[PDB]
């Protein structure tokens, strides 16, 4: 049976709009109301599902395969309105919380990074202050404002302010490019957030960074949020705010292997904007990233 046949689900997992009893639920968040530049992330879930036919759960020289170790399912998407930022975030929180009431954790395949604040609220409600591993070209700890409380640059600002995240246990890797202001990282650092710029990542290497993550996160429940623009635009051209000089696909995938040494309670892959993608390579990468996280979840439990 061809992998491009049949209605597309993430990695061809079974479909269940009202999942109950699974370890990890894959949930789509087709929304880009938080994008400040290029929109289009609302089609991310659809594109990612479409290309995921090429990725299975069986790695290489790994065990029996992710899906034989844990029970996963594709719960469809959250009905997020494209007309009201505040309403969409609340709907997201509500939906994500609902999932956690009957399932261990979820993997959000979405639109812009702003939606992560909803995930953090839902996950923190069930585990308490969370440790965070954030892969992004941008810090996403910028101030909100009137008529723009949830732009995709505020997710982790809210997380820290709302005590959803324990800054002393948060590490963001890949920061590069330009800050909106010269003292934009003072906030995150002042709160104890460990910032690893793309430059330092190059000095530390994958192993070095992996050790740093393990040391800063420990065994606290951790949320892994991945902004697709963390990798260089060459590997992920389909995104809203590309930033030249990013990580290689293999570097990111290799790094994520350390997640298996932690206690992940949730993750997401955001900012995929299909329209700007070339040959669907961004969606395919996004899929591979999701697959690696799902497998690491299994290894960790």
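Residue numbers count along the first chain shown, from 1.
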Which has the higher mean CA temperature factor in the PDB entry, 31-39 or 254-262?
-> 254-262
Should the higher mean CA B-factor in the entry be assigned to 132-140 or to 187-195?
-> 187-195
Which of these, 247, 275, 58, 272, has its C-alpha atom at the highest B-factor, as the entry lists it?
-> 58
Would the CA B-factor of residue 200 place it in the lowest, middle or highest third of its chain?
-> highest
Considering only modelled residues of the same chain, in which third does the CA B-factor of residue 124 rank: lowest, middle or highest?
-> highest
Lowest, middle or highest third of the chain for the C-alpha temperature factor of residue 71?
-> highest
Going by the recorded CA B-factors, say which third of the chain residue 92 sits in, lowest, middle or highest.
-> middle
Assert third(CA B-factor, residue 18) within chain per record equals highest
